[PDB]
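Protein chains in written order, with the entry's author numbering: chain C, 10 to 128; chain A, 10 to 128; chain B, 10 to 128; chain b, 2 to 127; chain a, 2 to 127; chain c, 2 to 127. Heads up, the beta-carbon is just placed ideally off N, CA and C, and yes, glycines get one too. Written out below as structure tokens is the structure these notes cover.
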Amino acid sequence: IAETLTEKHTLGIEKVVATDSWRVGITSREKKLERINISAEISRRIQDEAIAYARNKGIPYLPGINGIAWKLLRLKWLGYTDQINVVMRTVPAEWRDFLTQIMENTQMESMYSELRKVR
Amino acid sequence: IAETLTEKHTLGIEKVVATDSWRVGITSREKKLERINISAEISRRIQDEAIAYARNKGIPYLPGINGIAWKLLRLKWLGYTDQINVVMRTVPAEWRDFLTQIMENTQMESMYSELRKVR
Amino acid sequence: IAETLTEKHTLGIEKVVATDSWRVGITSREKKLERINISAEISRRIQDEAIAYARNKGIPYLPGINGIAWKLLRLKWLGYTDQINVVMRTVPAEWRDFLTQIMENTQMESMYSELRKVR
Amino acid sequence: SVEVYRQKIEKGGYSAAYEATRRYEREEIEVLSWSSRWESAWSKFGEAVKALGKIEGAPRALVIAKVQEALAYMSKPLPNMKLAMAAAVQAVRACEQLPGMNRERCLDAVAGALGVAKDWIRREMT
Amino acid sequence: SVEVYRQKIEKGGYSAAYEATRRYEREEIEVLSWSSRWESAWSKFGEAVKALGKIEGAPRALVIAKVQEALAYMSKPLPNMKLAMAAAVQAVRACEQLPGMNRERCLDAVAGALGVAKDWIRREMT
Amino acid sequence: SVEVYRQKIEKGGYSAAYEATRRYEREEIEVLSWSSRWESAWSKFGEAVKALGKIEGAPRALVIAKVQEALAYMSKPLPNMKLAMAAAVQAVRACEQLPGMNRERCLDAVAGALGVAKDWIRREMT
């Protein structure tokens, strides 16, 4: 009868709950799921550095600088460099040295862990 | 009653879901299905070089240049050479050397893999 | 009541779907069916040469020339030779040598395989 | 072989062909849609073979077969008149071998059945 | 191989195609919604191939394929006229190898099928 | 891999999607409430990517992605115009390296799609 994008989205879901393709979609890979382990590892490593940065300079801990330091880490891997330049103007002054600490100064530890995750 | 192409397409589908020919169309071949493995192998072997090419030259990673370089690999295998020359004018300047790297400079590894896939 | 050629075709089908003569028409032969195995062989042999002929002479691979080379093989077997000469004028110039490569130069391999199929 | 013969006998073809005739006479069977698609496409090949009636003599199967092969190329959605003339000049050369038939009498019948001009088949003869 | 043959024969496709035909004539089956979405998108591809009728000669499959590949880029939501001209010039170069076709007559048929100007395909040939 | 392919094949997706299509036509399925919230929110992202039609040339995914990323920040409950401009200048720099596009002509297509002034993206270029 009808075929538009609201009903294509619906009938694509009704076939999923019919054949149980979601739970067999997760349990059949079992090799992509180790990325959830590695992503939770770099997540803690950035967070611990942000508190150690905050008590050395006596500045308050700014929540959400974990995510800013992570987006700049992933775009550094791809090469979107002028995107890095505008975010570095957007963050406050005392935290700009922390963001380049995640990209350049821990090139050895953190940038390797993304290289194992995308592999 | 009716015989037109919209009904020829329908009664082909109604015949398939009656006799269950789709799932036995896949599970009876079992030799053609190894082409999916060799396809996913060259898929990664093109993608990993595109990021290494992106960081050697400091240019951002351009998504879809792994798709373009896979098309030009197959047309080179067939012999559609004037197809290639118009595509090479379409891509940007810094990525033209990557596309001839997928065709010529890895004639050993990647061009043999397409030769084994079609066998 | 009525007997024309349309309903003669229909009433021949209705006694096929009643007695199930199609499926027992195939499964009772079981010796003629290996002609499919030999036909699948010569199709592969012609197609592999047509790509190798395309890269030695630098020309694009022309699809359907594996079909023309197989028709001219079977008419050479029967002897319809003035059928051949008009088809040889029809094909392009650089592909005329491949057509007489299938009939003449691989008579030992390919023309025996047709000779073993009709037997 | 008899082993392929016996297996089609035991399915009862004589009885069920009789039974399906009765259902047609008792209005329980209509014309299948495969049949209506068949007679609409085949009817051009039926009257063209009857136009080869004035060819006399020997086994005439090669004349009939290559003319039906010649009409098949003309009747495509993209008609190939080059390959259609290739089969027709074989039907002409097969025709002239029969006793009583000349080369010009064969170009009468084959070009008359295909419905094209006689000079087209003369070109690819050579 | 005949093993892939035997696994599809035993599924009974001749009887099931006949029986699904009878259900359509007895008005028990309506047109699937996939078929309605199919002919809406495909009908523009069907008439362009029939506009390649005046190309004569050899296997014409490569001319037919690369015209369908050229229309597919024009018909995207973001049409790429650069990559569409990439496949079109392969169709012109594949066309002119056939006996009887000039380069200008191949530029006639392809630009008439695609529905664009002849100078756009002349540019990329060089 | 094939083993990840096989376990979705044996679940019967071609059959089950056919049955859901028939149930919609027989009024046995209404439109899910997730699809109403989807099409209400997505539609501003769909008409804007079609406004990048006159960008011509290479793989245009990086222009398309960084424009879609730029609309996501403006459409927040608390919109961040500074982080939206960060993704826009990556789209402008990715656009101008395509053959045929200028620096100024990419500033029309990006700012026309986003619906902002052209000087907002020019300030952040530097």
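Chain a within 8 Å of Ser76 (chain b), Cβ atoms only
As a first step, residue 76 (chain b) is located in the fourth sequence; it is residue number 75 there, counting from the start. With 8 Å as the cut-off, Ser76 (chain b) does not count as an interface residue toward chain a.
Please name the residue, chosen from B:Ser52, B:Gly21 and B:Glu39, that lies closest to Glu123 (chain B) on a Cα-to-Cα basis.
Numbered from 1 along the third sequence, position 114 holds the residue referred to as residue 123 (chain B). Out of B:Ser52, B:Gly21 and B:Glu39, B:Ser52 has the C-alpha closest to the C-alpha of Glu123 (chain B).
Going along the chain, which residues of its own chain have a beta-carbon closer than 8 Å to the beta-carbon of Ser76 (chain b), five neighbours each way excluded?
One-based indexing of the fourth sequence puts residue 76 (chain b) at position 75. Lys45, listed in sequence order.
Quick check: is the beta carbon of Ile10 (chain C) nearer than 8 Å to any beta carbon in chain c?
If you number the first sequence from 1, residue 10 (chain C) lands on position 1. So, interface residue.
Assign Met117 (chain A) to one of three DSSP states: helix, strand, or coil.
Taking the first residue of the second sequence as 1, we reach residue 117 (chain A) at position 108. The answer is coil: DSSP assigns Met117 (chain A) none of H, G, I, E or B.
Exposed or buried, which one is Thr13 (chain C) when buried takes at least 16 other CB atoms within 10 Å?
Along the first sequence, one-based indexing puts residue 13 (chain C) at 4. Exposed, because fewer than 16 other Cβ atoms sit within 10 Å of the Cβ of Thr13 (chain C).
Under 8 Å, do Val50 (chain a) and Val32 (chain a) count as touching if we go by C-beta distance?
By one-based count along the fifth sequence, residue 50 (chain a) stands at place 49. By one-based count along the fifth sequence, residue 32 (chain a) stands at place 31. Contact flag unset, no.
So, do the stretch 83–91 of chain b and the stretch 17–27 of chain b have three or more beta carbon pairs nearer to each other than 8 Å?
no
Going along chain C, which residues have a C-beta under 7 Å from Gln8 (chain c)?
Numbered from its first residue, the sixth sequence carries residue 8 (chain c) at position 7. The contacting residues are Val33 and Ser37.
Quick one, are the C-beta atoms of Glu57 (chain a) and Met82 (chain b) less than 8 Å apart?
As a working mapping, residue 57 (chain a) is identified with position 56 in the fifth sequence. As a working mapping, residue 82 (chain b) is identified with position 81 in the fourth sequence. It is a contact, given that the beta carbons lie within the stated cut-off.
Continuous alpha helix (DSSP H) stretch holding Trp121 (chain b): start and end:
For the purposes of this step, residue 121 (chain b) is taken as residue 120 along the fourth sequence, with counting starting at 1. Residues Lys119 to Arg124.
Please compile the residues from chain b whose C-beta is within a distance smaller than 8 Å of the C-beta of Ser30 (chain B).
Sequence index remark: in the third sequence, residue 30 (chain B) carries index 21 (1-based). In chain order: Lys9, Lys12 and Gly14.
Contacts around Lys55 (chain c), its chain only, beta-carbon distance under 8 Å, and the 5 residues preceding and following it disregarded
Position 54 of the sixth sequence holds residue 55 (chain c). These residues qualify, in order along the chain: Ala110.
Exposed or buried, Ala102 (chain B), counting other C-beta atoms within 10 Å across all chains shown (16 or more means buried)?
Taking the first residue of the third sequence as position 1, residue 102 (chain B) is located at position 93. So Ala102 (chain B) counts as exposed.
Buried or exposed: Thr90 (chain B), going by 16 or more other Cβ atoms within 10 Å of its Cβ?
Counted from its first residue, the third sequence places residue 90 (chain B) at position 81. Result: exposed.
Residue-level contact to chain B via CB, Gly54 (chain a), 8 Å cutoff:
Working through the fifth sequence from its first residue, we reach residue 54 (chain a) at position 53. False, the Cβ-Cβ gap to chain B never drops below 8 Å.
Could you check whether the Cβ of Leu87 (chain A) sits closer than 8 Å to any Cβ belonging to chain B?
Mapped onto the second sequence, residue 87 (chain A) falls at position 78. So, interface residue.
If you drop the 5 nearest sequence neighbours on each side, which residues of the same chain put their C-beta closer than 6 Å to that of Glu97 (chain b)?
For this step, residue 97 (chain b) is matched to residue 96 along the fourth sequence. Excluding positions up to five away in sequence, the list reads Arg104 and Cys107.
Is the CB of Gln98 (chain b) under 8 Å away from at least one CB in chain B?
To locate residue 98 (chain b), count along the fourth sequence from 1; it is residue 97. Output row for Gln98 (chain b): interface = no.
Pick from c:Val93, c:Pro100, c:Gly47 and c:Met102: whose alpha carbon is nearest that of residue 130 (chain c)?
Residue 130 (chain c) lies beyond the residue range present for chain c, which begins at 2 and ends at 127; the question has no answer from this structure.
Could you tell me whether the Cβ of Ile22 (chain B) comes closer than 8 Å to any Cβ of chain b?
Here residue 22 (chain B) refers to the residue found at position 13 when the third sequence is read from its first residue. True, the Cβ-Cβ gap to chain b drops below 8 Å.
Within the chosen definition, does the stretch 10–20 of chain a reach the stretch 32–52 of chain B through at least 3 CB pairs nearer than 8 Å?
yes
So what does DSSP say about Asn46 (chain C), is it helix, strand or coil?
Translated into the one-based positions of the first sequence, residue 46 (chain C) becomes position 37. Helix, per DSSP.
Presumed contact (8 Å Cβ cut-off) between residue 9 (chain C) and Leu79 (chain c), rounded CB distance
The structure shown does not extend to residue 9 (chain C), since chain C spans only 10 to 128, so no value can be given for it.
Measuring alpha carbon to alpha carbon, tell me which residue in A:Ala61, A:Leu87 and A:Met120 is nearest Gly88 (chain C).
For the purposes of this step, residue 88 (chain C) is taken as the residue at position 79 of the first sequence. Here the closest residue by C-alpha is A:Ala61.
How would you label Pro72 (chain C), buried or exposed, when you count the other beta carbons within 10 angstroms and need 16 or more for buried?
The count along the first sequence starts at 1 and reaches residue 72 (chain C) at position 63. With fewer than 16 other Cβ atoms within 10 Å, it is exposed.
Does DSSP classify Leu63 (chain a) as helix, strand or coil?
For the purposes of this step, residue 63 (chain a) is taken as residue 62 along the fifth sequence, with counting starting at 1. Note: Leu63 (chain a) maps to helix in three-state DSSP.
Taking 7 Å as the cut-off, is the C-beta of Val93 (chain b) nearer than that to any heavy atom in the ligand SAH?
Although the ligand SAH was asked about, the structure shown includes no ligands whatsoever.
What is the DSSP secondary structure of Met97 (chain C), reduced to helix, strand or coil?
For the purposes of this step, residue 97 (chain C) is identified with residue 88 of the first sequence, where counting begins at 1. Three-state result, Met97 (chain C): helix.
Status (buried if at least 16 other CB within 10 Å, exposed otherwise) for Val3 (chain b):
On the fourth sequence, residue 3 (chain b) is found 2 positions in, with the first residue counted as 1. That one is exposed.
Within 10 angstroms of its Cβ, does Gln92 (chain B) collect 16 or more other Cβ (buried), or is it exposed?
Counted from its first residue, the third sequence places residue 92 (chain B) at position 83. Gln92 (chain B) should be labelled buried.
Count the other CB atoms within 10 Å of the CB of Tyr19 (chain b); is the residue buried (16 or more) or exposed (fewer)?
Your numbering for residue 19 (chain b) matches position 18 in the fourth sequence. Per the 10 Å Cβ criterion, exposed.
Run through chain A and tell me which residues come within less than 7 Å of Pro80 (chain c), C-beta to C-beta.
If you number the sixth sequence from 1, residue 80 (chain c) lands on position 79. Chain A residues near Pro80 (chain c): none, gap ~26 Å exceeds 7 Å.
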